[PDB]
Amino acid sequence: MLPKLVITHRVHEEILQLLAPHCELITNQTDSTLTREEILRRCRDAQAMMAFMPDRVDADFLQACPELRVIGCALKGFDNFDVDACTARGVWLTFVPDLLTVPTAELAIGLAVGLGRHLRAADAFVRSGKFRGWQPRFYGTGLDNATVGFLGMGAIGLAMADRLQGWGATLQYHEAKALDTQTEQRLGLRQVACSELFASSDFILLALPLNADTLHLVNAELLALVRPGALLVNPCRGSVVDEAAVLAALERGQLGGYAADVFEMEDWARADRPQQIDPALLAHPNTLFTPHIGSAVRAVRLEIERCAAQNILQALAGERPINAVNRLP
């Protein structure tokens, strides 16, 4: 009897090969997410869990799964995992600190370009068969000579700033914890207050985690500050914005556009989360969406899976996992 490991979502077969000598595997090698009932059934006597974005762990989950030694999260933002409750039950909780950063940064910039240049509608027009040559339309907004404001300047903020260096924009940021002035200057970043960031930015790129303090940070009052036509890009967590306020800002035309890779409906730890994305937001023309594909780059996903696998194996071996969030004796 090897320790039992439940992997809640599909992974590369070579990751299964890496784990199999050490672990009895209970896998989900499909593109589907299992019911919460079935995850509980599988994890009841599991020694370990590899968890993904659709997963949620609270005290109630853990009491129902008394054999767990480690939850290895193949993700960065562990807002749906109660770390304190894990520590209390003697369960390691591990994450992936760096591997999701670059592909998410790349996508966020592509969304900003895609949103500013009306890519969805432009591509729709070409596919329709009615392109008859160059026309005066689909006039958009570029990054050259624009002010780009970042809310947050951790891993993804810095990766995005790195990638905008050749782009002719004026970069500013708001943080809970400032960069050192030397790094600011190497990247051409100026630190500003949050109100000013929203009042003065042509592109607003969110790069902050979801917590009690950032929940609905981007609300109606903050959005009412933006320059008419400002573009808002959300690659972080859905619930840092109030999507109802975002939609209202779009409909009034104060917000020029909203691009998102993440949605309030995904933030499982939120009882008052909406059950879906508002259909009126989904149908609004001044939008561009992706289904949480920030890290959806083939080579990176394998590396992310390997990182979670390694952390789990470290825990099961009686070591402190390299990427543990918590501390155990």
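Numbers follow the displayed sequence, beginning with 1.
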For the C-alpha atoms alone, is the average B factor greater in 2-10 or in 320-328, going by the entry? 320-328
Mean C-alpha B-factor higher for 206-214, or for 127-135? 127-135
C-alpha B-factor winner, where the candidates are 189, 158, 230, 71: 189
Top Cα B-factor in this entry, restricted to 300, 271, 50, 288, sits on 271
Splitting the chain's C-alpha B-factors into thirds, which one does residue 182 fall into? highest
CA B-factor ranking of residue 254, expressed as a third of its chain: middle
Binned into thirds over the chain's modelled residues, the C-alpha B-factor of residue 140 lands in the highest
Using the temperature factors of the C-alpha atoms in this entry, rank residue 292 within its chain: lowest, middle or highest third. lowest
By the record's CA B-factor, is residue 28 among the lowest, middle or highest third of residues in the chain? lowest
